[PDB]
Amino acid sequence: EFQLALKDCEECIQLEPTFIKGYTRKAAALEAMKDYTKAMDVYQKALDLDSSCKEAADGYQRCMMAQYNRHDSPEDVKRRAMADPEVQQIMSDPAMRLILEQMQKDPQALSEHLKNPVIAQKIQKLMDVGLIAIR
Amino acid sequence: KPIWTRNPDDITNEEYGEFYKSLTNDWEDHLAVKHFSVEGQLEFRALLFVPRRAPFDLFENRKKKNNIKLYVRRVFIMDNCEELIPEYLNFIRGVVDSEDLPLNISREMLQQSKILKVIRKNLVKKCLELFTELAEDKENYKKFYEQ
Amino acid sequence: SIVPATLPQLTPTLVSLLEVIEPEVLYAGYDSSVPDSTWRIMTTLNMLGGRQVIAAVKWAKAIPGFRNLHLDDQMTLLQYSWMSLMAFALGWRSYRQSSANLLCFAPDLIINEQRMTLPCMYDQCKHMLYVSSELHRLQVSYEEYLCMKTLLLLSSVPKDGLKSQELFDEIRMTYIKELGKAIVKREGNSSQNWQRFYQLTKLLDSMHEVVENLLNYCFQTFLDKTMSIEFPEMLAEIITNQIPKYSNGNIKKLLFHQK
């Protein structure tokens with residue numbers, strides 16, 4: 001019940017921000033669900049409290065590779081990424097749709113648009129979830 | 001037992017929640033549920049769920065509508081129930097289990113069925129009742145309305 | 001010359017996202033028309049009838065298969081049917097807005113009693129009121145109404161037939177079957193299905209009695225300058241083409257029921 005592990009770990013963490021175990025339990029649930037990008041970020045928060053911590057360091061290193069190795073079929077990417085309301089908003093927003101079309105057609109559109117954080121972070125989110133690959 | 005055949009007063013929110021998640025493959029919990037049944041000249045049972053988010057643009061989702069499962073005499077009939085609920089309410093996910101509707105089902109029989117017509121108007125009225133109950137709750141109505 | 005490289009390291013693959021992008025928002029509502037007068041509807045009815053028959057052409061074309069009819073016949077049917085479509089359109093609005101006592105020329109114009117009974121109005125409008133009265137007496141639903149408006153569209157043809165008549169006939173029969181369905185699913189029981197159907201059908205048939213008199217007003221005021229009646233280009237073309245055939249019995253009234 002990896003989802004429920006996340007909600008109770010999050011309350012634990014807000015109550016006790018230094019409880020490294022709250023973070024390793026949350027991150028393990030995220031890693032198990034193949035949400036390696038957030039699992040790594042949660043394990044890293046655990047490392048920020050204690051850089052020597054075993055799950056915080058080891059889970060972090062597994063996520064570091066697995067978050068790319070799992071992309072496989074684009075269907076996995078769409079089903080998982082679009083579960084996240086933030087990327088749903090990015091894609092439902094027509095301004096972003098227009099920006100993305102220019103980006104596919106012109107690498108310089110990317111060079112220029114990404115200088116402004118309001119766009120650069122919408123793009124960064126789509127890249128983080130694996131929807132936008134950069135070669 | 002199928003959740004919709006269980007007594008509406010005994011079923012908990014957690015039970016409706018898990019059912020919904022499985023029904024819609026929605027990792028998130030449902031916003032609200034109406035659970036009711038009717039008898040007499042018409043008999044059926046139904047669950048109508050309101051999602052916490054409006055349906056997303058991905059075609060892999062849109063091509064699957066209308067996502068209210070139909071059962072007749074508890075026999076699964078289909079996942080796409082056109083003409084069961086008006087399109088404007090086609091965001092409500094659910095289950096309808098009818099006893100009078102014939103098992104001799106084809107889209108055409110259903111379109112011409114006076115039974116289906118009556119069920120549809122009753123489902124609409126119930127949807128509206130659910131919306132009214134949500135309307136009474138200012139904080140959650142606003143969340144609903146926004147979506 | 002230098003070794004090449006996979007630069008810039010900024011080449012996107014948005015292909016899965018481009019597959020995702022499909023939806024757009026579409027809207028309803030395409031045009032609008034009203035009369036600008038009341039007792040002077042004696043001339044503004046023609047300006048309105050012009051805009052309404054044009055709308056009727058757009059509407060007729062919107063019905064699948066209408067655009068595949070020969071244009072000469074598409075225009076012949078609106079030339080002869082515009083009068084029943086107008087009276088029937090007034091009928092629905094009158095039925096719902098004034099309990100069929102007044103004619104409603106547009107959603108925004110109702111002509112009241114102080115103008116309704118004047119001869120310049122009433123000599124034509126009393127026949128349009130007959131139609132409004134019947135939709136009200138009959139308690140016609142909007143679906144049933146639309147089925148009937150749709151039926152009236154193809155109801156008046158030359159006695160010699162239409163160039164592409166076979167398609168017109170298939171379309172008209174599809175429409176009468178639709179009226180039946182609209183009724184059967186609303187009244188309930190069996191005796192009420194046939195009574196509502198035949199009573200509504202009798203209005204479609206009696207619309208021709210309404211048209212005979214409404215057209216004679218237009219034909220007379222079109223040709224007799226004494227009447228001082230202005231017509232739009234659309235009806236002026238229809239009326240000059242319609243007069244020599246309608247008043248001489250060269251146009252056939254199509255009925256959907258017997259007396």
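Observations, loosely collected:
- The set of residues in region C:11-64 that are part of a loop (DSSP other than H, G, I, E, B) and closer than 30 Å to A:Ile132 by Cβ comprises C:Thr11, C:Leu14, C:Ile21, C:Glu22, C:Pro23, C:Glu24, C:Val25, C:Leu26.
- Any hit, region C:146-156, residues being free of Cβ contacts under 8 Å to residues at least 60 places away in the same chain and loosely packed, with under 14 Cβ neighbours inside 10 Å: no
- Matching helices (runs of 4 or more DSSP H) fully within region A:20-135 where at least 2 residues are more than 10 Å from chain C (Cβ to nearest Cβ), over 18 Å from C:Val20 (Cβ atoms) and hydrophobic (A, V, I, L, M, F, W, C): A:20-32, A:36-49, A:54-69, A:117-128
- In this structure, C:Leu7 does not qualify as more than 25 Å from C:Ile251 (Cβ to Cβ), over 12 Å from the mean Cα position of the chain (by Cα), surrounded by 19 or more Cβ atoms within 10 Å (Cβ to Cβ) and within 14 Å of another protein chain (Cβ to nearest Cβ).
- Residue pairs meeting the criteria (Cβ under 9 Å; at least 6 apart or on separate chains; first away from chain A (no Cβ under 14 Å), in region C:16-40; second surrounded by 13 or more Cβ atoms within 10 Å (Cβ to Cβ) and part of a loop (DSSP other than H, G, I, E, B)): C:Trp39/C:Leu118
- Within region B:22-37, the set of residues being loosely packed, with under 15 Cβ neighbours inside 10 Å and aliphatic (A, V, I, L, M) is empty.
- Residues in region A:1-19 that are assigned to a helix (DSSP H, G or I) and more than 14 Å from chain B (Cβ to nearest Cβ): A:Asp8, A:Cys9, A:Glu10, A:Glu11, A:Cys12, A:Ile13, A:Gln14, A:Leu15.
- In region B:59-76, the residues that are surrounded by fewer than 18 Cβ atoms within 10 Å (Cβ to Cβ) and out of contact with any helix residue (DSSP H, G or I) (no Cβ under 8 Å at 6 or more places or on another chain): B:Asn61, B:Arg62, B:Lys63, B:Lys64, B:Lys65, B:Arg73, B:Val75, B:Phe76
- A residue that is within 21 Å of C:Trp59 (Cα to Cα), outside any helix (DSSP H, G or I) and in contact (Cβ under 8 Å) with a residue 24 or more places away in the chain occurs nowhere in region C:190-212.
- Taken together, C:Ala182, C:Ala236 contain a single residue that is among the small types (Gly, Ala, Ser), in contact (Cβ under 8 Å) with a residue 12 or more places away in the chain and within 18 Å of C:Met75 (Cα to Cα), which is C:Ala236.
Cβ sites come from the backbone with ideal geometry, for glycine too, and all protein chains shown count toward neighbours. Bear in mind these aren't lab numbers, they're just calculated from the coordinates by the rules spelled out.
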